[PDB]
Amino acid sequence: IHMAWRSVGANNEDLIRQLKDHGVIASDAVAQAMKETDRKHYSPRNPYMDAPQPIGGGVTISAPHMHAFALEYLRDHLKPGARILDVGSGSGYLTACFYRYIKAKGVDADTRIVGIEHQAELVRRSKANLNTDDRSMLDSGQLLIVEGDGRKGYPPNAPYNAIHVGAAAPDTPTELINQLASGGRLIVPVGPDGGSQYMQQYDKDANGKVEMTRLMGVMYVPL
């Protein structure tokens, strides 16, 4: 059996510090949001290993560095009073991070973080994770976990200032772009399941015109 090396932290704080020291985390705010959201409540096993871990339904909770990259990409869009959509909420981790990131920038009664997941088992599982973490997040009514097909976003709370997609979109996610507010940003892996995909960024400007930028090569493979 081929053996390999992989980073690990002694605890949540030590895991984030390690990432910041090595340049993975650029901003202090991103580091703080992740520091206050302990992976132990969201990852059943190896919580502090910088690697993807299974959570059920044939899916995994992203590796810590991938969560960091996503937070950095949307650091200027995560502000008090905004509406954020997290398509494919899974474990609920990234969702809790968004809530804390903004909560630090100050509170606003209109802030709304919506996580949409289509697997019922994960919807119940994630809610339980969030209540084990901090029962007040769900109780605030500012964080939401809904059951549905994320490909059609969630119109009740549209338009969104920022949208993050954790699952692959076979092509241009038209309906999601339609739910973006002017000046909003959307992060999503584009391409058929099984190949060289691209994590892509879509920015809509004040005139409603859309611009696409490729951020990095990515590949969905068996763990």
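Each residue number is its position in the shown sequence, starting from 1.
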Which is higher on average in the deposited entry, the C-alpha temperature factors of 182 to 190 or of 55 to 63?
55 to 63
Going by the mean C-alpha B-factor recorded in the entry, which is higher: 173 to 181 or 194 to 202?
194 to 202
Could you check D133, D86, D108, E121 and tell me which one carries the biggest Cα B-factor in the deposited entry?
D108
Looking at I102, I116, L71, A96, which has the biggest Cα B factor in the entry?
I102
Within this chain's modelled residues, let me know which third the CA B factor of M34 belongs to: lowest, middle or highest.
middle
Could you place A128 in the lowest, middle or highest third of its chain by Cα temperature factor, using the values in the record?
middle
Taking the entry's C-alpha B-factors for this chain, is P44 in the lowest, middle or highest third?
highest
Entry-reported Cα temperature factor of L138, expressed as the chain third it lands in:
highest
Pull the Cα B-factor of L19 out of the PDB entry and bin it into the chain's lowest, middle or highest third.
middle
